[PDB]
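All remarks here apply to the structure that follows.
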Amino acid sequence: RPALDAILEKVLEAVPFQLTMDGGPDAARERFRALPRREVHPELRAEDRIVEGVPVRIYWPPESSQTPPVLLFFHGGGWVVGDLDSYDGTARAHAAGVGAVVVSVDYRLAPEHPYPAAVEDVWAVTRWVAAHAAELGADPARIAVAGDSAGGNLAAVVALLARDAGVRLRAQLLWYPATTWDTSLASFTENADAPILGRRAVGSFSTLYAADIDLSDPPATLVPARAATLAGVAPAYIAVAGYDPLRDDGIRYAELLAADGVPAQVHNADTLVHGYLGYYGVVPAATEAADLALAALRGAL
């Protein structure tokens, strides 16, 4: 309804990127790895570790008098592409903005390891941090989960696993996630041919991740919106994008949570596209929208 952001549109014309399966997974991962990215907060301490067999990268916030909270970050990329390096900047932005130790999880990727491999990896690291976070200098009593796109789906699913296993999450930050698999929502039609993610790509990556799941009654670990109840999971901030086919997905997920009594905040950056964290520190409207969600999560921790 409001126009696509003017700076965003100049950026999208200089480097037009489309998330698609074209050329196979290796070409797709290469197109995503090759996008030019601004380095964000490079001073921050980072370390590589392996946690319960899952490769991880750990970031520390600016050292302060207080012991920081810990946040698990689940990168996006349609459950197929993405890695610690192309998300390095995004993880650092979370670390500085939330003031938290951030654990970026390098989960297994489809199609080589389809559903539920990603869930097992992000969950294993979430279990490990909830018990061993002080070993990093973080407060294990202050934990949250964050994820974008496919990683937003992983973050919403991990919060249900955490509620049922007794892991206390104080918040879940969902950047433009894929929680419902409802293609009938309005944004899938309004934004079917949108700049970063279209409706074909949404359907393609779901099939590569979980081709053999009957979606008439799928498990909640695939579609978090289909859980018996969403009551009891950590409060939600859902950052949604106007020109994204998944916009109404996140907004619907906010409605289902509130109907189950869950504290839920949804913000719609109506002038932005899917994956606007990739423009952090580049597209001003993207940094501002990102900084809002980062601030709310700073308070809840």
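Ordering of the structure tokens sets the chain letters (A, B, ...); residue numbers start at 1 within each chain; ligands are numbered from 1 in the order shown.
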Self-check item: 12 Å contact set for residue 81 of chain A, only C-alpha atoms, chain neighbours under 6 positions out, as a ChimeraX atom specification
Solution: /A:19-21,24-34,75,87,106-112,149-151,205,208-209
Quiz item: Which neighbours of residue 273 of chain A fall inside 8 Å, counting only C-alpha atoms, when residues of the same chain fewer than 5 positions from it are skipped, and could you give them as a ChimeraX atom specification?
Solution: /A:194-196,241-244
Which residues are near segment 274-291 of chain A? Cut-off 8 Å, only C-alpha atoms, ignore same chain within fewer than 4 positions. Put them as a PDB file with N, CA, C and O atoms, in the first residue's frame.
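Below you can see out-v8.pdb, which holds the result:
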ATOM      1  N   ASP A   5      10.364   0.836  -0.305  1.00  0.00           N
ATOM      2  CA  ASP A   5      11.276   1.876   0.147  1.00  0.00           C
ATOM      3  C   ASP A   5      12.238   2.279  -0.968  1.00  0.00           C
ATOM      4  O   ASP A   5      12.775   1.425  -1.684  1.00  0.00           O
ATOM      5  N   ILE A   7      15.328   3.702  -1.081  1.00  0.00           N
ATOM      6  CA  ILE A   7      16.702   3.218  -1.049  1.00  0.00           C
ATOM      7  C   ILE A   7      16.738   1.720  -1.311  1.00  0.00           C
ATOM      8  O   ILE A   7      17.562   1.227  -2.092  1.00  0.00           O
ATOM      9  N   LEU A   8      15.815   0.982  -0.694  1.00  0.00           N
ATOM     10  CA  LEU A   8      15.739  -0.459  -0.915  1.00  0.00           C
ATOM     11  C   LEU A   8      15.612  -0.775  -2.395  1.00  0.00           C
ATOM     12  O   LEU A   8      16.197  -1.748  -2.884  1.00  0.00           O
ATOM     13  N   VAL A  11      18.917  -0.438  -4.152  1.00  0.00           N
ATOM     14  CA  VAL A  11      19.736  -1.594  -3.809  1.00  0.00           C
ATOM     15  C   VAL A  11      19.246  -2.826  -4.551  1.00  0.00           C
ATOM     16  O   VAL A  11      20.038  -3.591  -5.115  1.00  0.00           O
ATOM     17  N   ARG A  37      27.954  -8.057   1.275  1.00  0.00           N
ATOM     18  CA  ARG A  37      27.422  -7.784   2.605  1.00  0.00           C
ATOM     19  C   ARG A  37      28.312  -6.821   3.376  1.00  0.00           C
ATOM     20  O   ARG A  37      29.542  -6.892   3.318  1.00  0.00           O
ATOM     21  N   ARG A  38      27.668  -5.935   4.117  1.00  0.00           N
ATOM     22  CA  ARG A  38      28.371  -4.993   4.966  1.00  0.00           C
ATOM     23  C   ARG A  38      28.799  -5.698   6.239  1.00  0.00           C
ATOM     24  O   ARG A  38      27.994  -6.392   6.858  1.00  0.00           O
ATOM     25  N   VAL A  40      29.411  -5.981  10.056  1.00  0.00           N
ATOM     26  CA  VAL A  40      28.674  -5.343  11.148  1.00  0.00           C
ATOM     27  C   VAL A  40      29.388  -5.666  12.459  1.00  0.00           C
ATOM     28  O   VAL A  40      29.604  -6.842  12.775  1.00  0.00           O
ATOM     29  N   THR A  90      24.678 -10.581  10.613  1.00  0.00           N
ATOM     30  CA  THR A  90      23.395 -10.607  11.301  1.00  0.00           C
ATOM     31  C   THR A  90      23.546 -11.069  12.742  1.00  0.00           C
ATOM     32  O   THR A  90      22.931 -10.508  13.650  1.00  0.00           O
ATOM     33  N   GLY A  97      23.017  -5.358  19.715  1.00  0.00           N
ATOM     34  CA  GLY A  97      21.721  -4.744  19.939  1.00  0.00           C
ATOM     35  C   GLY A  97      20.971  -5.288  21.143  1.00  0.00           C
ATOM     36  O   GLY A  97      20.326  -4.545  21.894  1.00  0.00           O
ATOM     37  N   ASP A 148      15.271 -16.141  11.324  1.00  0.00           N
ATOM     38  CA  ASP A 148      14.644 -15.464  10.192  1.00  0.00           C
ATOM     39  C   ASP A 148      14.271 -16.476   9.122  1.00  0.00           C
ATOM     40  O   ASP A 148      14.972 -17.480   8.954  1.00  0.00           O
ATOM     41  N   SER A 149      13.116 -16.256   8.463  1.00  0.00           N
ATOM     42  CA  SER A 149      12.661 -17.059   7.315  1.00  0.00           C
ATOM     43  C   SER A 149      12.566 -18.523   7.754  1.00  0.00           C
ATOM     44  O   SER A 149      11.796 -18.823   8.681  1.00  0.00           O
ATOM     45  N   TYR A 176      10.312 -12.464  10.018  1.00  0.00           N
ATOM     46  CA  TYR A 176       9.556 -12.877   8.840  1.00  0.00           C
ATOM     47  C   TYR A 176       9.556 -14.400   8.691  1.00  0.00           C
ATOM     48  O   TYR A 176      10.171 -14.931   7.758  1.00  0.00           O
ATOM     49  N   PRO A 195      10.102  -9.010  -4.573  1.00  0.00           N
ATOM     50  CA  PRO A 195      11.537  -8.986  -4.891  1.00  0.00           C
ATOM     51  C   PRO A 195      12.387 -10.134  -4.351  1.00  0.00           C
ATOM     52  O   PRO A 195      13.110 -10.745  -5.143  1.00  0.00           O
ATOM     53  N   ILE A 196      12.365 -10.479  -3.069  1.00  0.00           N
ATOM     54  CA  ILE A 196      13.377 -11.425  -2.585  1.00  0.00           C
ATOM     55  C   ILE A 196      12.845 -12.848  -2.537  1.00  0.00           C
ATOM     56  O   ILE A 196      13.559 -13.792  -2.876  1.00  0.00           O
ATOM     57  N   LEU A 197      11.594 -13.013  -2.127  1.00  0.00           N
ATOM     58  CA  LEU A 197      10.960 -14.311  -1.986  1.00  0.00           C
ATOM     59  C   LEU A 197       9.612 -14.250  -2.682  1.00  0.00           C
ATOM     60  O   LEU A 197       8.827 -13.334  -2.433  1.00  0.00           O
ATOM     61  N   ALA A 241       7.318  -8.294   6.984  1.00  0.00           N
ATOM     62  CA  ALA A 241       7.688  -7.353   5.929  1.00  0.00           C
ATOM     63  C   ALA A 241       6.554  -7.176   4.941  1.00  0.00           C
ATOM     64  O   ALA A 241       5.931  -8.152   4.531  1.00  0.00           O
ATOM     65  N   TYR A 243       6.205  -6.314   1.683  1.00  0.00           N
ATOM     66  CA  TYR A 243       6.306  -6.831   0.320  1.00  0.00           C
ATOM     67  C   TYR A 243       6.808  -8.266   0.283  1.00  0.00           C
ATOM     68  O   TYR A 243       7.562  -8.649  -0.617  1.00  0.00           O
ATOM     69  N   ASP A 244       6.424  -9.051   1.275  1.00  0.00           N
ATOM     70  CA  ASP A 244       6.849 -10.411   1.483  1.00  0.00           C
ATOM     71  C   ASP A 244       5.625 -11.296   1.372  1.00  0.00           C
ATOM     72  O   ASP A 244       4.595 -10.982   1.984  1.00  0.00           O
ATOM     73  N   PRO A 245       5.664 -12.366   0.581  1.00  0.00           N
ATOM     74  CA  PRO A 245       4.528 -13.301   0.572  1.00  0.00           C
ATOM     75  C   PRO A 245       4.286 -13.957   1.915  1.00  0.00           C
ATOM     76  O   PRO A 245       3.163 -14.389   2.175  1.00  0.00           O
ATOM     77  N   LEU A 246       5.284 -14.014   2.790  1.00  0.00           N
ATOM     78  CA  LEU A 246       5.118 -14.609   4.108  1.00  0.00           C
ATOM     79  C   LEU A 246       4.610 -13.620   5.160  1.00  0.00           C
ATOM     80  O   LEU A 246       4.525 -13.974   6.342  1.00  0.00           O
ATOM     81  N   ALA A 269       7.035  -3.918   8.814  1.00  0.00           N
ATOM     82  CA  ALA A 269       7.786  -2.937   8.040  1.00  0.00           C
ATOM     83  C   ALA A 269       7.217  -2.916   6.624  1.00  0.00           C
ATOM     84  O   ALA A 269       7.706  -3.615   5.733  1.00  0.00           O
ATOM     85  N   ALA A 295      15.516  -3.925  20.214  1.00  0.00           N
ATOM     86  CA  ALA A 295      15.300  -3.247  21.490  1.00  0.00           C
ATOM     87  C   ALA A 295      14.259  -3.966  22.362  1.00  0.00           C
ATOM     88  O   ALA A 295      14.470  -4.148  23.567  1.00  0.00           O
TER      89      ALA A 295
END
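In this structure, atom CA of residue 260 of chain A sits 17.0 Å away from atom CA of residue 170 of chain A.
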Exercise. Per DSSP on the backbone, filter segment 79-212 of chain A down to the residues in alpha helix (DSSP H) and report them as number ranges by chain.
Key: A: 88-98, 117-132, 150-165, 186-190, 199-210
Quiz item: Any idea what's packed within 7 Å of residue 72 of chain A, counting only C-alpha atoms, ignoring anything in its chain fewer than 5 positions away? Could you give it as a PyMOL selection string?
Solution: chain A and resi 102-104+126+144-146
Self-check item: DSSP strand (DSSP E) residues within segment 15-134 of chain A, listed as an MDAnalysis selection string
Solution: chainID A and resid 46:51 54:59 70:74 101:105
Can I get the selected residues back with C-alpha atoms, as an mmCIF file, in the first residue's frame?
data_model
loop_
_atom_site.group_PDB
_atom_site.id
_atom_site.type_symbol
_atom_site.label_atom_id
_atom_site.label_comp_id
_atom_site.auth_asym_id
_atom_site.auth_seq_id
_atom_site.Cartn_x
_atom_site.Cartn_y
_atom_site.Cartn_z
ATOM 1 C CA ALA A 46 33.673 -14.524 18.069
ATOM 2 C CA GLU A 47 34.639 -18.141 18.575
ATOM 3 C CA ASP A 48 34.083 -21.388 16.726
ATOM 4 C CA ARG A 49 32.966 -24.413 18.715
ATOM 5 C CA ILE A 50 31.243 -27.750 18.212
ATOM 6 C CA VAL A 51 28.308 -28.323 20.558
ATOM 7 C CA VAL A 54 26.466 -29.363 15.820
ATOM 8 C CA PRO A 55 28.903 -26.744 14.473
ATOM 9 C CA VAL A 56 28.284 -23.390 16.122
ATOM 10 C CA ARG A 57 29.661 -19.900 16.244
ATOM 11 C CA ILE A 58 29.577 -17.901 19.480
ATOM 12 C CA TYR A 59 29.616 -14.116 19.747
ATOM 13 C CA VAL A 70 22.321 -15.698 25.921
ATOM 14 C CA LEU A 71 20.461 -15.841 22.640
ATOM 15 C CA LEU A 72 20.393 -18.734 20.171
ATOM 16 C CA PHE A 73 20.230 -17.611 16.530
ATOM 17 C CA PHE A 74 18.889 -19.864 13.762
ATOM 18 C CA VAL A 101 25.971 -13.757 24.056
ATOM 19 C CA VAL A 102 24.774 -15.164 20.741
ATOM 20 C CA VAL A 103 25.024 -18.771 19.646
ATOM 21 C CA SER A 104 24.632 -19.096 15.865
ATOM 22 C CA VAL A 105 23.796 -22.687 14.930
#
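In this comparison, which uses only C-alpha atoms, the residue of A:161, A:143, A:213, A:272 approaching residue 1 of chain A most closely is A:272.
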Exercise. Between atom CA of residue 189 of chain A and atom CA of residue 218 of chain A, measure the distance and give it in Å to one decimal.
Key: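 According to the coordinates, atom CA of residue 189 of chain A and atom CA of residue 218 of chain A are separated by 23.4 Å.
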Quiz item: If you measure from atom CA of residue 77 of chain A to atom CA of residue 94 of chain A, what distance in Å do you get, rounded to one decimal?
Solution: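 Atom CA of residue 94 of chain A lies at a distance of 17.6 Å from atom CA of residue 77 of chain A.
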Self-check item: Within 12 Å of residue 232 of chain A using only C-alpha atoms, minus same-chain residues under 2 positions, as a count of residues only
Solution: 28
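Using only C-alpha atoms, the nearest neighbour of residue 212 of chain A within the list A:115, A:15, A:61, A:68 is A:115.
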Self-check item: Non-local contacts of residue 250 of chain A (9 Å; only C-alpha atoms; under 6 positions in same chain excluded) as a PyMOL selection string
Solution: chain A and resi 174-180+238-240+266
Resulting file, chosen residues, N, CA, C and O atoms, as an mmCIF file, in the first residue's frame:
data_model
loop_
_atom_site.group_PDB
_atom_site.id
_atom_site.type_symbol
_atom_site.label_atom_id
_atom_site.label_comp_id
_atom_site.auth_asym_id
_atom_site.auth_seq_id
_atom_site.Cartn_x
_atom_site.Cartn_y
_atom_site.Cartn_z
ATOM 1 N N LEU A 174 11.067 -13.712 16.040
ATOM 2 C CA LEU A 174 10.779 -14.331 14.749
ATOM 3 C C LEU A 174 10.875 -13.261 13.673
ATOM 4 O O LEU A 174 9.991 -12.400 13.573
ATOM 5 N N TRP A 175 11.939 -13.307 12.877
ATOM 6 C CA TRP A 175 12.054 -12.423 11.727
ATOM 7 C C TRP A 175 11.366 -13.105 10.557
ATOM 8 O O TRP A 175 11.749 -14.214 10.193
ATOM 9 N N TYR A 176 10.312 -12.464 10.018
ATOM 10 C CA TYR A 176 9.556 -12.877 8.840
ATOM 11 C C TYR A 176 9.556 -14.400 8.691
ATOM 12 O O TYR A 176 10.171 -14.931 7.758
ATOM 13 N N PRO A 177 8.922 -15.141 9.617
ATOM 14 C CA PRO A 177 9.081 -16.598 9.637
ATOM 15 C C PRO A 177 8.077 -17.304 8.748
ATOM 16 O O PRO A 177 7.228 -16.660 8.126
ATOM 17 N N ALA A 178 8.185 -18.631 8.687
ATOM 18 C CA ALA A 178 7.258 -19.511 7.979
ATOM 19 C C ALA A 178 6.646 -20.504 8.982
ATOM 20 O O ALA A 178 7.069 -21.659 9.073
ATOM 21 N N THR A 179 5.674 -20.031 9.764
ATOM 22 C CA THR A 179 5.029 -20.782 10.839
ATOM 23 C C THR A 179 3.788 -21.557 10.392
ATOM 24 O O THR A 179 3.589 -22.713 10.772
ATOM 25 N N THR A 180 2.910 -20.915 9.641
ATOM 26 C CA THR A 180 1.798 -21.583 8.990
ATOM 27 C C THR A 180 2.268 -22.017 7.620
ATOM 28 O O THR A 180 3.227 -21.469 7.070
ATOM 29 N N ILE A 238 7.359 -10.641 16.447
ATOM 30 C CA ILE A 238 7.344 -11.176 15.103
ATOM 31 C C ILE A 238 7.526 -9.990 14.177
ATOM 32 O O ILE A 238 6.679 -9.084 14.145
ATOM 33 N N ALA A 239 8.654 -9.966 13.468
ATOM 34 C CA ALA A 239 8.999 -8.866 12.577
ATOM 35 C C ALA A 239 8.667 -9.290 11.151
ATOM 36 O O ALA A 239 9.280 -10.217 10.612
ATOM 37 N N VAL A 240 7.712 -8.597 10.552
ATOM 38 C CA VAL A 240 7.053 -8.992 9.314
ATOM 39 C C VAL A 240 7.355 -7.926 8.270
ATOM 40 O O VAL A 240 7.646 -6.780 8.627
ATOM 41 N N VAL A 266 3.688 -8.050 17.061
ATOM 42 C CA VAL A 266 4.001 -8.146 15.642
ATOM 43 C C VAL A 266 4.249 -6.732 15.142
ATOM 44 O O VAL A 266 3.476 -5.821 15.449
#
Quiz item: If we count only C-alpha atoms, what is near residue 52 of chain A at a cut-off of 9 Å, once residues fewer than 3 positions away on the same chain are taken out, given as an MDAnalysis selection string?
Solution: chainID A and resid 55 121 124:125 128
